[PDB]
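Protein chains in written order, with PDB author numbering: chain H, 1 to 52, 52A, 53 to 82, 82A to 82C, 83 to 100, 100A, 101 to 111; chain B, 18 to 379, 593 to 743; chain F, 593 to 653; chain L, 1 to 27, 27A, 31 to 105.
Idealized CB from N, CA, C, for every residue including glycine.
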Ligand SMILES: *[C@@H]1O[C@H](CO)[C@@H](O[C@@H]2O[C@H](CO)[C@@H](O[C@@H]3O[C@H](CO[C@H]4O[C@H](CO)[C@@H](O)[C@H](O)[C@@H]4O)[C@@H](O)[C@H](O[C@H]4O[C@H](CO)[C@@H](O)[C@H](O)[C@@H]4O)[C@@H]3O)[C@H](O)[C@H]2NC(C)=O)[C@H](O)[C@H]1NC(C)=O
Ligand SMILES: *[C@@H]1O[C@H](CO)[C@@H](O[C@@H]2O[C@H](CO)[C@@H](O[C@@H]3O[C@H](CO)[C@@H](O)[C@H](O)[C@@H]3O)[C@H](O)[C@H]2NC(C)=O)[C@H](O)[C@H]1NC(C)=O
Ligand SMILES: *[C@@H]1O[C@H](CO)[C@@H](O[C@@H]2O[C@H](CO)[C@@H](O)[C@H](O)[C@H]2NC(C)=O)[C@H](O)[C@H]1NC(C)=O
Ligand SMILES: *[C@@H]1O[C@H](CO)[C@@H](O[C@@H]2O[C@H](CO)[C@@H](O)[C@H](O)[C@H]2NC(C)=O)[C@H](O)[C@H]1NC(C)=O
Ligand SMILES: *[C@@H]1O[C@H](CO)[C@@H](O)[C@H](O)[C@H]1NC(C)=O
Ligand SMILES: *[C@@H]1O[C@H](CO)[C@@H](O)[C@H](O)[C@H]1NC(C)=O
Ligand SMILES: *[C@@H]1O[C@H](CO)[C@@H](O)[C@H](O)[C@H]1NC(C)=O
Ligand SMILES: *[C@@H]1O[C@H](CO)[C@@H](O)[C@H](O)[C@H]1NC(C)=O
Ligand SMILES: *[C@@H]1O[C@H](CO)[C@@H](O)[C@H](O)[C@H]1NC(C)=O
Ligand SMILES: *[C@@H]1O[C@H](CO)[C@@H](O)[C@H](O)[C@H]1NC(C)=O
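Written out as C-alpha cells, the structure is:
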C-alpha cells in the first residue's frame, strides 16, 4: 500500500518561510516523481513543482519561481517543499502527490495547512 | 542573448529505443582520391590547368568512413510510436582539425528500412545531425556524451530543407524520458513526415522542436539557418576549426554535381572543439510510409600531402595520396607514373621496435634482450638496436666501445658480458614498374627470401595491396640481384626487358591481351 | 577617388581584396575555379581575377 | 498551461443513478479525472481520458478526446459526494479545472 505522509500545519507572518515535507512508502521513492500542489478552500488545485527523486531534476510553475524550491532526500524517502517570502495570498493547504510529468497522480498526502 | 523561441511545454519526452543490432550493417563507401573524393578545395586562392603537391587537411585514400544509419521509428501501422535509433549520441570522437562527411551515398538504391530487416524501400538522402563542444562528461543518471556550457548543435530540419546551426547552453529537461528525468536512454531528434513533410509546407521546426523536448535552449549566442535544395545528389560536406571560427564546408553550393568541397559559412565558435558525436535520429513514419535512408559516412581530416590535379575549370578531378603506397610516393616526387620507367628505389622498411633494455647503477626482464631491435638506455647512453653476444674488443673497463664514425660498437654490461651493437637492421626496397601494363614486382635486395613474406610488419608504406593482387599466390623467389615478389620463374633469355635487374638478370613485362 | 574600379590599361598599381601588385588588366575569358576570385600560375603569381563587376581580367603585370 | 472549463457546476444524483460530469478544454489527450471528497485530497479516478486509476471501482468510467472529456459514475453512492475535476497532464504546468460538485 502506497502512502504519502505530510507534516502538520503552521502559522506564520508575511515575509516568513515554511518548509513542508512528505515521507513516502509502498513504492521506490527514487523511481517516482513527487509533485507539490497548492489549494485554497473552494478553489481548484495548482501545481507548484515536481521533482524526480531519482535524479533530483525539477520543474516549476512560473508563478512560484523565486519563491518555491522543491527537493528530496532519498535516504529518508522524503520529498520537501520550501517556500520563502510568504504572503497572505499564500495561505493554503499544500499537498504532495505521487505522480508528475506525464504520470497521473494516484497517491496523495493528507495536506499541510499553512496560514500566513 | 539570442531569442530562439520558447521552450517546449510538453511534460515528457518521447521514449527512445536504442537497438544497435538493427543498424549493424556493412556498407563501406570509401574515399577514392584518384577522382578527388573528399578533397576540400584549398582556400585563399585558385589555380587551373595544373598538377601541384600540397600539404593540408584532407581525408586519406581508402578511408571507408564511420557509417551512420538513421531510421524509421516504431509504429502500429496506423500511427507512429517510439523512436528507434542507433547508439550514436555517446559516440564521442576527437574533433582535432575537423572531419568530413559523405551524404546520401546510398541514395536512389533500394534497401532495408532498418527497423524491419525484411522490408526494403528506395533510399533517401538525409542530412546528418551533430553535437560538438570543448568539453564532455556524464549525465546525472550515468549516461555518456554530455556536452558542457555552450554546445554547438548542427541540426538539419524541415525534412532536410534547412540547417540549423546554433550555440546554446543545453538545459536538460526533467520529465519522463528526458535527460534529467525517469527512464532516460538517449535523447534523439525526430520528425513526423505524416505532418512534417507536407508538400509546400514542411515543418521547418520539426527537429528543432523535438530537440527542445529534451533540452531547453539557453543563453544562445547564435542560431543561423541555411537553406538546402532538396535532391538525392551525392554530396560532400564537412567542418574545421581555426582561430577565426568554425568553418562549414560543402560541395552543395559550388560543385553540386562534382564533389569538391568549398567553404559556405563560418560560425562564431572560438572555444576549441575537442569532442563531437552524432545525434541519433528517428523518423515517426508509419509502416505504410516506412522509407529507407542513406547512411552518411564520416571520415577524419588530417594534414596530408597530396598531388592535386586542377582542370582548366579549376576543380580538382584527381588527387594522389602520396604516402598510400611506395609507388604513390614516387608518383608525387616524379609527378606521374609513365614518366621514364617507374623503376625507382622506394622508401625502405623501418625495423619494427621491441621493448627496451635498461642498465645503470645509481619492469622485468629488461637487463638484456637478444634480440631484433630494442630500445635502450645504458649508463646515460641511449639508442635502439640489437645486441649480440660477442668477444670483447677494448679498452677494458671503459664500458662503451665506439667505431670510426663515433657510433656505438658495443658495451660491457654488469653481467660480465660484452655485447656487440648492430643498431637495427632494415629492409631496402625497390620497385619494378611497367607503365604499359600498369603492373609491378618488387625486390628486397640483400635481405634475401629467408626473411620475406607476402605480408609485412615493418613497415615501408601503408599498403602493399597492389602487389598482393598477384603476389598472395606466390612465395618469394630468390635471385642474385635480390629477393623478389611477383617474379614468376620462366627460364627465359631476353636481350632487354627495359627493366634489367643488372648482373645477368632481367624482369620481363607480360604481353597485353 | 574615381574611376579606380578598373583601368585598362598599361601599368596600374592595384589592391584587390588584400591582394596587391602592379600591372595591366585585360578583358579575357575565365579560367577557374569560379567563385574563388584570384587565379594563380605555375610560379604562384597572379594570372587573373574575378571582379565584382562580373568581369574576369587577365593580369600581365 | 491548459485552461479547463467544467459543466455542470453542480449536480444532484440519487443513490443508484448515473452521474454525468463533463470537461471542456480551451485547446488540445492525457486528461485525468479526480474525486475530492470533502476533507480529502483529490483521488485519481480516470487517466488518459478513459482508463481506471489505481484501486478505482468499475463504477467510474471515463471517455474523451480533443477538447471534450467526460466521466460517468454509475451507480452513484451517497459517499460519492465530492468535487470532480479534470486535470491535464500532457503539458506542464499541470492544471486542474474549476470542478463540479456532485451531491
Ligand atoms: C522555428 O524556430 C525558430 C528559431 O529561430 C523561430 O525563430 C525565432 O522566432 C521567434 C518568434 O517566434 C523570434 O523572437 C521574436 O523576435 C522578434 C523580433 O526579432 C528581431 O529582434 C529581436 C530583438 O530581441 C532579436 O532578438 C531577433 O534576433 C531579431 O533581430 C521580437 O520582437 C519578439 O519579441 C516578443 O516576444 C518575446 C518573447 O519571445 C518577448 O520577450 C518580447 O517582449 C516580445 O513580446 C521575439 O523576440 C526569434 O528571434 C527567432 N529566432 C531566430 C534565431 O531567428 C521560428 O519562428 C520558428 N518557426 C516556427 C514555424 O515555429
Ligand atoms: C540519385 O538520382 C538523382 C536523379 O537522377 C541524381 O541526380 C542527378 O545527377 C546527375 C549527375 O551529376 C546530374 O547531371 C548534371 O546535370 C548538370 C546540368 O547542367 C550538368 O551541368 C552536370 O555536369 C551533370 O550532367 C543531374 O542533373 C542530377 N539530377 C538533378 C535533379 O539535379 C543523383 O546524383 C543520384 N544520387 C546518387 C547518390 O546516386
Ligand atoms: C560548464 O558547465 C559545468 C557543468 O554544467 C560547470 O561546472 C560546475 O560548476 C559548479 C560551480 O559550483 C560546480 O558545483 C559543479 O559541480 C560543476 N560541474 C562540473 C561537471 O564540473 C562549469 O562551471 C560551466 N562552465 C562555464 C564557463 O559556464
Ligand atoms: C545564463 O546566464 C545567466 C546569468 O546571466 C546564468 O545565471 C547564473 O547561473 C549561475 C550558475 O551557477 C548562478 O550561480 C548565478 O547566480 C546565476 N545568476 C543569476 C542572476 O541568477 C544562467 O544560469 C545561464 N543559463 C544557463 C542555462 O546556464
Ligand atoms: C560515466 O560513468 C561511468 C560509470 O562506470 C564511468 O565509468 C565513466 O568514467 C563516467 N564518465 C565520465 C566522463 O565521468
Ligand atoms: C529558405 O527559403 C524560404 C522560402 O520562403 C525563406 O523564407 C527562408 O528565409 C530561407 N532561409 C534561408 C536560410 O535562406
Ligand atoms: C591549358 O594549357 C593549354 C596548353 O596548350 C592551353 O592551350 C589551354 O588554353 C590552357 N587552359 C587554361 C585554363 O589555362
Ligand atoms: C657468448 O657468451 C659466452 C659467455 O661465457 C662467452 O664466453 C662467449 O665467448 C660469447 N660469444 C662470443 C662470440 O664471444
Ligand atoms: C628457376 O628454375 C630453374 C630450374 O632449373 C632453377 O635452376 C632456378 O634457380 C629457378 N630460379 C628461381 C628464382 O626460382
Ligand atoms: C570582354 O568583356 C565581355 C563582357 O561581356 C565578355 O563577354 C568577353 O568575353 C570579354 N573578352 C574576352 C576575350 O573574354
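Check, Outcome
"Residues of chain L with CB closer than 8 Å to the CB of residue 9(H), please, in chain order.", "What residue 9(H) touches in chain L: nothing, since even the nearest Cβ is about 14 Å away."
"Which residues bound the alpha helix (DSSP H) around residue 348(B)?", "343–350"
"How close, in whole Å, do the beta carbons of residue 92(H) and residue 50(H) come, if the pair is a contact with beta carbons under 8 Å?", "Actually they do not touch by this definition, with Cβ atoms about 10 Å apart."
"Can you list, in chain order, the residues of its chain with a C-beta nearer than 6 Å to that of residue 45(B)? Leave out the 5 residues immediately preceding and following it.", "81"
"Kindly list the residues whose CB is nearer than 6 Å to the CB of residue 31(L), restricted to its own chain and excluding five residues on each side of it in sequence; keep chain order.", "51, 67"
"Could you tell me whether the Cβ of residue 67(L) comes closer than 8 Å to any Cβ of chain B?", "no"
"On a Cα-Cα basis, can you pick out the residue from 37(L), 75(L), 81(L) that is closest to residue 100(L)?", "37(L)"
"Could you tell me if the beta carbon of residue 614(B) falls within a distance shorter than 7 Å of some heavy atom in ligand 4?", "no"
"Taking only heavy atoms of ligand 9 into account, decide whether any of them is closer than 7 Å to the Cβ of residue 676(B).", "no"
"Where do the ends of the beta strand (DSSP E) carrying residue 231(B) lie?", "Unbroken run through residue 231(B) is the alpha helix (DSSP H), 223–231; no beta strand (DSSP E)."
"Let me check you understand the geometry: is the CB of residue 625(F) closer than 7 Å to at least one non-hydrogen atom of ligand 7?", "no"
"By a C-beta neighbour count over all protein chains shown, 10 Å radius and 16 as the cutoff for buried, is residue 626(B) buried or exposed?", "exposed"
"Indicate whether at least one CB of chain B lies closer than 8 Å to the CB of residue 4(L).", "no"
"Helix, strand or coil for residue 109(B)? Go by DSSP, reduced to three states.", "coil"
"Which runs of the beta strand (DSSP E), 3 residues or longer, sit entirely within the stretch 634–696 of chain B?", "638–642, 648–651, 657–664, 669–673"
"Grouping DSSP H, G and I as helix and E and B as strand, with all else coil, what is residue 93(L)?", "strand"
"Three or more C-beta pairs closer than 8 Å, one from the stretch 205–223 of chain B and one from the stretch 252–262 of chain B: is that the case here?", "no"
"Check the Cβ-Cβ distances between residue 24(H) and every residue of chain B, and say whether any is below 8 Å.", "no"
"Do residue 158(B) and residue 201(B) have their beta-carbon atoms positioned less than 8 Å apart in this structure?", "yes"
"In its own chain, which residues sit with a C-beta less than 6 Å from the C-beta of residue 700(B), not counting the 5 before and 5 after it?", "716"
"Quick check on residue 84(H): does DSSP put it in helix, strand or coil?", "helix"
"Please state whether DSSP places residue 181(B) in a helix, a strand or coil.", "strand"
"Assuming residue 211(B) is part of the alpha helix (DSSP H), what are its boundary residues?", "210–213"
"For ligand 3, any of its heavy atoms closer than 7 Å to the Cβ of residue 166(B)?", "yes"
"Using the DSSP secondary-structure output, state which residues sit across from residue 54(L) in a beta bridge.", "48(L)"
"Can the beta-carbon of residue 56(B) be found less than 8 Å from the beta-carbon of residue 277(B)?", "yes"
"Contact check, residue 107(H) vs residue 7(H) under 8 Å by CB: the rounded distance?", "6 Å"
"Shorter than 8 Å from the beta carbon of residue 29(B) to some beta carbon of chain H?", "yes"
"How far does the beta strand (DSSP E) with residue 366(B) in it reach, from first residue to last?", "361–366"
"Can you give the beta carbon distance from residue 87(H) to residue 111(H), rounded, assuming they're within the 8 Å contact cut?", "5 Å"
"Just checking: is the beta-carbon of residue 110(L) within a distance shorter than 8 Å of some beta-carbon in chain H?", "Summary: the structure shown does not reach residue 110(L), with chain L confined to residues 1 through 105, and so no result is reported for it."
"When you check each C-beta in the stretch 264–284 of chain B against every C-beta of chain F, which residues fall closer than 9 Å?", "270, 271, 272, 277, 279"
"Would you mind telling me which residues of chain L sit closer than 9 Å to residue 55(H), beta carbon to beta carbon, in chain order?", "Within chain L, no residue comes near residue 55(H); the closest Cβ sits about 17 Å away, beyond 9 Å."
"Since residue 73(H) sits in a beta bridge, which residues does DSSP pair it with?", "BP columns for residue 73(H) are empty, so no partner."
"Thinking C-beta only, is residue 92(B) closer than 8 Å to residue 308(B)?", "no"
"Excluding five sequence neighbours on each side, which residues of the same chain lie with their C-beta closer than 7 Å to the C-beta of residue 151(B)?", "288, 289, 290, 291"
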